[PDB]
Structure formats: C-alpha cells, structure tokens
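First comes one chain, alone, set out as structure tokens in the form deposited in one PDB entry.
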C-alpha cells in the first residue's frame, strides 16, 4: 500500500549558478541569467540571447576523456545528479543498489551533438560520424551513465514530454517509490537546445522573445509587453526517498512530495486552451492526490513561460481551481530570471518550490512592470516576498497538451 516520499538531496546547473545555493541566491535577489549567447554566431537568427550555464567545469564530475563523448545535456544531467546524490548523504551498497533507480529526462536531448554530426555527414561523409553519436546523444543516457558511475540497479528510464519533462520525471519517480518498485530515485531533467536547430526551430515557430537589445527584460511573465519565451540551458535533480527509509538512516528531509497530477488538454499540438481547462484538471488531480483543501496552497511556481496565450491560461486555471483563495496564495514565475529550461524547467522549479518551503519566501516574477488584462493575482512582482508556506505547487505544461503538477509540503 502507498508509501510516503520525501526529498533528501537536490542538484542543479542553471543560468544563475553551477549549484543549488548559488542559483537560489540569484532567485531571491531577482537576478537575470539571460545574456547574448557567446558559444555560436547568431547574426542570421531573430533571437540572439538565452540562459547559458556560465563557466561549467565538467572535470569537477567526469574525466575529459568521458566528457568528450557526451552531449552537454548529458554532462549537465550527470552534474545535477551527482550534486543531488552527494547532498542526500546516501551510500550505495550491495544491500540497496537494486532499490535505487534514476529517471532523468529531456525534451530534445543531444541536438548540438546531432547537428554537429549531421554537418560531418553532409560536408564529408558517414565515415566522419562519431562512433559515440548514439550513446552520446539519446535522451535515456543520463539515467544510463548515472547508473554506470554510481552502481544504481533499480528502475532506469527517461521521460520526454517536452516542457513538462522535469515535472513528470519527478512525479512518476515518486510513484515508483510510493508503490514499492524502488526506495530511492534520482529524478529530474536536463536540456541544452541552444544550437542552430534549437534557436532556428523555435525561431521558425515565432515562439521566442526577439528582445535582442535588452535580454534581461525579455522574460516578462504576465507583463502586457511579453513576446515569447527565452530559451535556457541546465539541469535539476532530486533524490526522492521512501519516508521510513529516510528516517531509518537519519537523512535530512527538505520536504514531502504529497501530490502528483497529469492531464492532457487534447486541445492543440502547441497552443494551450485560453481557459486553462487542462491545467485546472491537472492541479485538481494533484490536490485530490495530496488529500488537500485547495485553500491549503500558499505558493505556486507557475509554468509562466512569457507567452501571450500560456501566461493568461495559467491565471484562468488558478482562478478556476482556487476561486476566492486565488487572491490569498502567491504565484510566481522564476522563468522571469532563469528563462525556459524546457525539459529541465520542472526539475529546477521543483527545487525552487522546495527551497520556498525551507526558507518561507515566494521568489519574485521580475520584469512584471504592467500586469496584463486579468493578471490581478499576487504574482510577487519585482521582489521576493517572505510569507508562510506550508504547501507549494509547481506547474508545467508542454506541446502535445501535456500537463504536470507537483505538490510539496513542509515535513516535521
């Protein structure tokens, strides 16, 4: 019968820092991680900025010989996973290695690697494709390489549900533990889609902000002057652990994972419905899963992508789920600062939701100068808001009408 699940370790690469504490410091101070991109020439592109990981040292984690074979999304996912496992204090042994698995996902996976190899194929021939093209690029290899390095023999898989990937990864990893399939899971997501095909492809869809002359102001969730999401890179990983297992080893517990919801919109390949119907269904599933009165919700880490249709759909969904309580909770988009880490968005935002509970503070939505028509909730404009948070909710929505909600609460 269903076991309880707690968070005992967290790990992160973001545009704000090379770990959790440095990233969280940036979040609470309202710092933007968004800047013109330096790693390639974007003069032919309509968007020339994003949230890069700055100064990542893969040789803090891996030998240069191994790193060379791996797409940045795998390097970022391993770095976050390694941080999370170290932060947990868990020791892997013959007695427990079969009970520890990994679910680290990605929206797009090794697009940089696949692009670079496609150039080799077309300009030279197939004889120049890397022998490591497949194991260095495909999405399941974060789970793969983490298991090989740490000796994790538990369930080993990867989700790819576009911008919902990190939330689904964490939710389904909790269900694995809930139902007895594992006692520990490393779960989250990683993304590095900032190559020609990534920026070009989202550019071709006209989905990205084109505010090239003021990149730190581009991501402006619920602001009347928003013009699309900002593309960002990195990873989040959490160690999820059955409660009694955590208790038994004297683990430091950050918070409890009490609720998970999924729903499909069944609306459109890329557009969310204006009324937020799929997002509302998803949050209701998650609150019922957690056995909660909606009035118990103190903080919501919104998806909050800075798209016209996305941002307003979320207001409508929250008002529909929470009624008059929609005016008492705080909702913010940390994407105001980090940008949109795509498959890794739900993973970093799950971590920000747990740290909101530890520190009793709602992160700000920076750049919220002129809230749009109907965006009249407490969106924590400009500045972090100290406040009582017993229950925090993290939402993600993605292409294919895919929706995820995680519910965390303080643990005593």
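Heads up, when I say rigid core I mean the largest set of C-alphas that superpose within 1.5 Å between the two forms. Residue numbers count along the first chain shown, from 1.
Per-stretch RMS Cα distance to the displayed form in 9 other deposited structures of this protein, following rigid core alignment, is highest for 31-39 when 31-39 and 344-352 are compared.
The mean Cα B-factor in the deposited entry runs higher for 249-257 than for the other of 249-257 and 183-191. The stretch with the higher mean CA B factor, choosing between 120-128 and 232-240, is 120-128. The entry lists C-alpha B-factors for 101, 171, 105, 308, and the highest of these is at 308. The PDB entry assigns its highest CA temperature factor, among 155, 276, 151, 339, to 276. Residue 323 sits in the middle third of its chain by CA B factor, as recorded in the PDB entry. In the deposited entry, the Cα temperature factor of residue 196 sits in the top third of values across the chain's modelled residues. Residue-level temperature factors show residue 291 in the middle third of its chain, judged at the C-alpha atom. Placement of the Cα temperature factor of residue 45 within the chain: middle third of the modelled residues, per the deposited record. Looking at the C-alpha B-factors along this chain, the one for residue 360 belongs to the highest third.
The form deposited with a small molecule bound is left out here; the points below concern that form.
Of the candidates 90, 72, 158, 255, 90 is the one whose heavy atoms come within 4.5 Å of the small molecule in the bound PDB entry; the others do not. Of the listed positions (383, 60, 376, 359), a single one reaches within 4.5 angstroms of the small molecule by any non-hydrogen atom in the bound PDB entry, namely 60. None of the heavy atoms of residue 251 is located within 4.5 Å of the small molecule in the bound PDB entry. Not displayed here, the small molecule is kept clear of residue 243 by more than 4.5 Å at the level of heavy atoms in the bound PDB entry. Among heavy atoms of residue 86, some come within 4.5 Å of the small molecule in the bound PDB entry. Taking non-hydrogen atoms only, residue 150 approaches the small molecule to within 4.5 angstroms in the bound PDB entry.
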